[PDB]
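Enquirer: Protein chains in written order, with the working numbering: chain A, 41 to 129; chain B, 45 to 294; chain C, 172 to 371. The beta carbon of each residue, even a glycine, is placed where N, CA and C say it ideally should be. Below is a structure I'd like to ask you about.
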Amino acid sequence: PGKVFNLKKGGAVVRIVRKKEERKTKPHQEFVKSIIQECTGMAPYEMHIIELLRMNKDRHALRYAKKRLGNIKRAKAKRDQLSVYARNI
Amino acid sequence: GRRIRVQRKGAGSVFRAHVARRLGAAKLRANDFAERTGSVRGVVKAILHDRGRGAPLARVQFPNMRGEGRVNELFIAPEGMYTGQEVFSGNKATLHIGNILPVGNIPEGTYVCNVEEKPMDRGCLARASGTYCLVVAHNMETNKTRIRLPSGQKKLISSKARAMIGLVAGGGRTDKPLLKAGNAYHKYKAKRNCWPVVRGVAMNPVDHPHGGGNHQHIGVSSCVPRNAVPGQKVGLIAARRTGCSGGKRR
Amino acid sequence: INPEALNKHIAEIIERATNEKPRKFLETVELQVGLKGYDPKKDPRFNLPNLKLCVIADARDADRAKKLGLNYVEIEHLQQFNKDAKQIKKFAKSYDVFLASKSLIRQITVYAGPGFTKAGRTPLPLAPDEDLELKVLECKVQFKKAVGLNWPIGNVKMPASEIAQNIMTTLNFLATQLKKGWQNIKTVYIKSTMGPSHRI
RNA sequence: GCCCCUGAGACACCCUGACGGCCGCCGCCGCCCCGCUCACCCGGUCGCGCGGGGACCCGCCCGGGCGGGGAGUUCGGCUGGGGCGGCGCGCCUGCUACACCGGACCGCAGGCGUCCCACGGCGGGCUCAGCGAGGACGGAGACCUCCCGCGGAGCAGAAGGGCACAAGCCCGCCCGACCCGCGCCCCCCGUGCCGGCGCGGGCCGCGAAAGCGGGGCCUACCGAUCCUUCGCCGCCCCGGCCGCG
RNA sequence: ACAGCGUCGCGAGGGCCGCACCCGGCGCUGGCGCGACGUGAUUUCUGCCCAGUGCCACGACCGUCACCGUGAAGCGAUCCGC
RNA sequence: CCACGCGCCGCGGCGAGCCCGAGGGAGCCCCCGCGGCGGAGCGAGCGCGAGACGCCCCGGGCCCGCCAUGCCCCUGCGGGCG
RNA sequence: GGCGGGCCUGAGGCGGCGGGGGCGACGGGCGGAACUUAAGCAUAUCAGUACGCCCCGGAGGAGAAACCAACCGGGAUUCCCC
């Protein structure tokens with residue numbers, strides 16, 4: 041396969057590079073995404089997904105998102121992010 | 045592997061239009077503020093002969109609206125035009141033979157030449173020698189006058205189209221046989237280099253699709269589809285019914 | 172299915188049911204049901220499994236089966252009926268459910284046929300060799316040409332909804348022998364001559 | 001009124017399902033039809049006194065045709081020249097073949113490209129085509145008898161071998177016309193491939209048994225790599241891991 | 001070749017061609033026009049055939065017959081439907 | 001003819017070894033100088049992995065893998081022994 | 001309508017300064033063959049070559065990881081040995 045077989049692999053101690061001080065969007069990046077979303081509005085592909093959710097539930101909503109965004113992981117996030125707008129009107 | 049005579053025709057050079065010595069284009073008066081509200085008069089300077097077009101060309105000058113000098117415009121001559129005739133032309137110009145007026149104002153059944161396909165096209169349909177158009181009805185339903193084209197189709201033009209009352213002069217031109225082929229060499233000496241023509245079954249096979257077999261047979265049916273490749277369309281194009289039938293009238 | 176919702180309503184048409192007062196699990200129910208997506212060229216023909224059944228024997232029935240139910244009849248007891256063949260061609264007039272003997276059926280083999288093929292069944296297995304009435308389950312989900320069909324509710328004279336399990340016995344089955352397993356079904360409603368009920 | 005009694009089928013016992021039908025009902029989707037000008041495309045002029053189209057075309061992106069008008073090729077072989085009239089171009093029987101075997105030919109006399117779960121396997125019985133001589137109708141001729149019956153019969157078809165308490169014929173069963181691993185012979189470079197043959201094991205059949213059987217008495221009746229399809233137990237995905245591939 | 005003779009397409013927002021696109025030629029033209037054709041001056045006539053094979057039909061929409069689109073279904077690569 | 005790949009063959013050095021590689025060295029023909037090729041095979045892969053003889057040569061017999069299979073059993077559709 | 005200012009998108013002229021073309025190699029970007037090979041030929045192959053085109057330098061291009069690796073791990077590019 042892709043690993044050699046040494047039952048006792050490990051003869052030197054290993055330090056794990058990790059986190060690199062794992063950060064966040066921080067206050068400004070999110071705030072700005074609010075400033076623009078407020079004036080410009082939602083894109084048409086997004087509008088269809090939200091409208092699918094008030095009536096249909098998921099399934100076909102994800103299917104439109106896979107075609108428009110091109111990958112399920114981006115689509116699963118997009119369907120979920122879009123849903124927050126859906127449960128109000 | 046060589047293109048047919050039709051293919052080389054549009055290349056230009058040799059197979060082009062001889063236009064030298066031709067006096068110029070035949071067009072009506074420019075439609076304008078004076079023509080729209082009134083009529084401008086015009087003397088007939090001369091009725092010259094075009095080199096290329098058998099049809100007489102008539103030079104008529106009108107008073108230029110702005111500059112003092114008179115502008116000269118060449119009109120296809122309507123039969124009955126006389127040197128010194130004053131063609132009164134405009135929206136309010138009468139139906140006396142030779143005037144240029146909005147087809148809508150012209151009454152039903154009139155004989156018209158040089159009708160315009162769309163408003164102010166400066167001359168379009170019915171220019172050939174001896175040809176004419178008739179207003180079947182000046183219908184006001186959509187400001188559209190009916191026109192019977194010389195060929196006889198029924199088309200419509202916007203009432204604001206303009207034309208000359210009277211048949212295009214020079215009629216009966218093709219009745220006389222051309223006779224001696226030389227009259228044909230001279231006739232086409234003012235037109236395209238389309239004379240003399242070589243038939244399809246005569247040419248060797250590398251040149252024409254009809255080509256030549258052992259016995260000069262067309263080889264297949266002349267009717268060739270409308271949507272055929274440029275090189276293929278050499279036979280009768282899209283025939284709806286070949287042959288000679290009950291005359292041509294049904 | 173809503174086991175909690177309207178699956179506890181199987182006794183809901185209480186004194187509303189009346190309708191001849193048959194005496195059973197209140198409303199007749201019968202769980203009106205239909206098949207969606209079933210095609211003529213599909214794949215569901217077979218049988219497999221208050222009350223109206225009849226069984227009989229000569230080697231113990233008068234006490235083992237007839238005492239407390241059924242009827243007092245031997246392996247024959249028709250005679251001129253086994254020659255006229257009228258009532259048997261449509262046994263529903265006579266034997267409402269057909270279980271006429273097991274292990275003693277040898278006596279009738281000589282003169283039998285048109286009614287038992289018309290009715291479709293006669294000698295099913297309940298006999299004096301077994302304690303008679305141990306197999307009282309003559310009950311029936313039949314499928315092939317028609318829809319889900321209004322098949323038996325599950326009896327359950329017991330009150331409340333122990334029949335919810337029997338309603339689910341039909342649910343445990345039915346999805347069997349269907350092209351779209353459980354998807355190929357169209358109606359989930361409860362109504363019959365009983366009276367006013369609700370969707371399951 | 002009824003499982004009153006009668007049909008393939010209560011219909012008075014209310015719910016379904018079917019097709020029509022449809023009030024009408026859709027935060028649904030396809031499709032058209034008409035405006036309007038504000039892109040876009042036309043025509044007038046010396047932009048000196050304006051018109052015509054119109055969200056349409058067009059371009060462009062895939063998609064479905066049609067398309068020697070173009071290209072690029074290919075157009076087998078043998079063979080008393082070519083010869084494509086024939087196929088001896090793979091295969092088999094009997095010759096030719098000159099007594100081991102091997103021996104040529106658009107040389108002769110012919111076939112093969114299939115057919116049959118019985119036309120197979122096995123066990124049992126049986127004797128066949130017919131020479132006669134007899135017997136209602138009944139004679140070349142149909143059947144039923146004996147008798148003598150070396151095969152003169154039939155065994156799916158070419159021909160030649162071969163066969164008689166059978167390899168023919170009938171019956172009773174039954175799947176051996178099965179799997180796992182091999183060798184040998186035939187063509188032969190002693191390579192393939194078809195066709196057999198001889199075995200090591202498994203498992204069944206048939207018969208009391210010994211035996212016999214991986215087809216049809218033998219010699220003809222068929223298929224490389226690649227690729228698809230599929231069967232059986234598994235193995236692999238490469239940094240892991242789990243399902244689907 | 002040829003006059004004659006017929007057939008054929010077309011109303012220019014169009015026919016028929018050039019050309020890699022740009023964009024030309026027919027056309028300083030407009031159906032007595034321009035292409036596409038066969039036949040070959042008149043005199044005298046041109047029969048019979050639509051089966052095919054061509055062509056032609058805002059002739060039909062029956063059968064097939066695409067990308068779209070979009071019904072399900074599956075976790076999704078997909079997969080069936082119209 | 002020259003190049004480089006290959007298959008044998010004859011030599012020369014050395015031997016489970018052997019190797020002027022690119023390079024570095026005040027050196028040029030001299031000194032130092034790896035990957036490589038062997039030393040172990042077989043199996044599609046998981047992977048697993050040769051002793052027992054013999055002047056040579058030929059067989060024979062065995063052992064290793066890939067297969068089947070019978071037993072025994074540990075740490076276990078794992079190991080052993082046939 | 002007139003007139004004058006600021007901004008903005010433009011129109012000529014002036015001043016300074018660049019830019020164009022050449023070189024039989026090397027170099028960077030395209031456009032792009034066929035003969036040939038497969039004993040024929042279509043996919044292949046020749047070949048990401050001839051030739052056409054544009055551009056630069058004394059070298060250019062490339063270059064400081066959205067990188068290989070899976071190890072008791074490396075560390076921009078460029079070249080060379082394998």
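Which residue or residues does DSSP assign as beta-bridge partners of B/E117?
Expert: In the DSSP output, where bridge partners are listed per residue, B/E117 has B/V104.
Enquirer: Per DSSP, what kind of secondary structure is B/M125 in: helix, strand or coil?
Expert: It is coil, neither helix nor strand.
Enquirer: Going by Cα to Cα distance, which pick from B/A102, B/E185, B/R243 is closest to B/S202?
Expert: Among B/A102, B/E185, B/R243, the Cα nearest to that of B/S202 is on B/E185.
Enquirer: Going by DSSP, name the residue or residues bridged to B/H93.
Expert: DSSP, once it has assigned bridges, lists B/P100 as partnering B/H93.
Enquirer: Can you find the residues in the same chain that come closer than 6 Å, C-beta to C-beta, to B/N75, ignoring five residues on each side of it along the sequence?
Expert: Excluding residues within five positions, the ones whose Cβ falls inside 6 Å are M164.
Enquirer: Going by Cα to Cα distance, which pick from C/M329, C/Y360, C/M365, C/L320 is closest to C/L206?
Expert: Residue C/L320 is the option with its Cα nearest to C/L206.
Enquirer: What do you reckon, are the CB atoms on C/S272 and C/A228 nearer than 8 Å?
Expert: Taking 8 Å as the Cβ cut-off, C/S272 and C/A228 qualify as a contacting pair.
Enquirer: Measuring CB atoms only, is the region 115-127 of chain B touching the region 83-102 of chain B, in the sense that at least three cross pairs come out at less than 8 Å?
Expert: Yes: the two stretches touch, three or more of their Cβ pairs being nearer than 8 Å.
Enquirer: According to the neighbour-count rule (16 or more other Cβ atoms, all chains shown, within 10 Å of its Cβ), is C/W322 buried or exposed?
Expert: Answer is buried; the Cβ neighbour count reaches 16.
Enquirer: Assuming A/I112 and A/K118 are in contact, meaning their beta carbons sit under 8 Å apart, how far apart are those beta carbons, in whole angstroms?
Expert: The pair is not a contact, with the Cβ atoms about 10 Å apart (cut-off 8 Å).
Enquirer: Could you say which of B/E130, B/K136, B/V212 lies nearest to B/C168 if we only look at CA atoms?
Expert: Nearest option by C-alpha distance: B/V212.
Enquirer: Using a threshold of 8 Å, state whether the C-beta atoms of C/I184 and C/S332 are closer than that.
Expert: Going by C-beta atoms, C/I184 is not nearer than 8 Å to C/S332.
Enquirer: Between which residues of its own chain and A/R94 is the CB-CB distance below 7 Å, once the five residues before and five after are set aside?
Expert: Excluding sequence neighbours, A/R94 sits near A126.
Enquirer: How is the beta strand (DSSP E) around B/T189 delimited, first residue to last?
Expert: Unbroken beta strand (DSSP E) run through B/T189: 188-192.
Enquirer: Which residues in the same chain as B/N187 place their Cβ atom closer than 8 Å to its Cβ, once the five residues preceding and following it in sequence are excluded?
Expert: Cβ neighbours of B/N187 beyond the five flanking positions: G148, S202, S203, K204.
Enquirer: Between the Cα of C/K315 and the Cα atoms of C/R194, C/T280, C/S363, C/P215, which residue gives the shortest distance?
Expert: Nearest of C/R194, C/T280, C/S363, C/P215 to C/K315, Cα basis: C/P215.
Enquirer: Can you tell me which residues form a DSSP beta bridge with B/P146?
Expert: B/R206.
Enquirer: What are the boundary residues of the beta strand (DSSP E) that B/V156 is part of?
Expert: Here the beta strand (DSSP E) through B/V156 covers 155-157.
Enquirer: Determine the burial state of C/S368: buried for a count of at least 16 other Cβ atoms within 10 Å of its Cβ, exposed for fewer.
Expert: The residue is buried, with at least 16 neighbouring Cβ atoms inside 10 Å.
Enquirer: Ends of the alpha helix (DSSP H) at B/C177?
Expert: Segment 177-179 is the beta strand (DSSP E) holding B/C177; no alpha helix (DSSP H) there.
Enquirer: On the three-state DSSP scale, how would you describe A/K64?
Expert: Residue state, collapsed to three classes: coil.
Enquirer: Rank B/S83, B/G68, B/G111 by C-alpha distance to the C-alpha of B/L118 and give the top, closest one.
Expert: Nearest C-alpha to B/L118: B/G68.
Enquirer: Is B/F106 near the ligand HEM, going by C-beta to nearest heavy atom under 7 Å?
Expert: Judged by which ligands are present, the structure shown has none, so any question about the ligand HEM falls away.
Enquirer: So the candidates are C/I172, C/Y282, C/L349; which of them puts its Cα closest to the Cα of C/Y209?
Expert: Answer by Cα proximity: C/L349.
Enquirer: Count the other C-beta atoms from every protein chain shown that fall within 10 angstroms of the C-beta of B/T189, then say buried if there are 16 or more, exposed otherwise.
Expert: With 16 or more Cβ atoms within 10 Å of its Cβ, B/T189 is classed as buried.
Enquirer: Between the Cα of C/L202 and those of C/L345, C/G352, C/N355, C/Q354, spot the shortest distance and give me the residue it belongs to.
Expert: For C/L202, the nearest C-alpha among the options comes from C/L345.
Enquirer: Under the rule that 16 or more other beta-carbon atoms within 10 Å means buried, what is A/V124, buried or exposed?
Expert: By the 10 Å Cβ count, A/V124 comes out exposed.
Enquirer: For B/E161, which three-state DSSP category applies?
Expert: Correct three-state label for B/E161: coil.
Enquirer: Answer yes or no: do residue 399 of chain C and C/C225 have a C-beta to C-beta separation smaller than 8 Å?
Expert: Here chain C comprises residues numbered 172 to 371, so residue 399 of chain C is not present and cannot be evaluated.
Enquirer: Who are the Cβ neighbours of B/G45 in its own chain at under 7 Å, not counting the five residues just before and after it?
Expert: The residues are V250.
Enquirer: If we ignore side chains and look at the alpha-carbon of each, how far apart do B/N258 and B/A246 end up?
Expert: C-alpha separation (whole angstroms): 11 Å.
Enquirer: Tell me whether C/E245 sits in a helix, a strand or coil according to DSSP, three-state version.
Expert: Coil.
Enquirer: Leaving out five residues before and five after C/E245 in sequence, what residues of the same chain have Cβ atoms less than 7 Å from its Cβ?
Expert: Excluding positions up to five away in sequence, the list reads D229.
Enquirer: For C/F262, does the three-state DSSP call read helix, strand or coil?
Expert: It is helical.
Enquirer: Whole-angstrom Cβ separation of B/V159 and B/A170, contact assumed at under 8 Å?
Expert: So it is a contact: roughly 5 Å between Cβ atoms.
Enquirer: With a 10 Å radius around its C-beta and 16 neighbouring C-beta atoms as the bar for buried, classify C/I172 as buried or exposed.
Expert: The residue is exposed, with fewer than 16 neighbouring Cβ atoms inside 10 Å.
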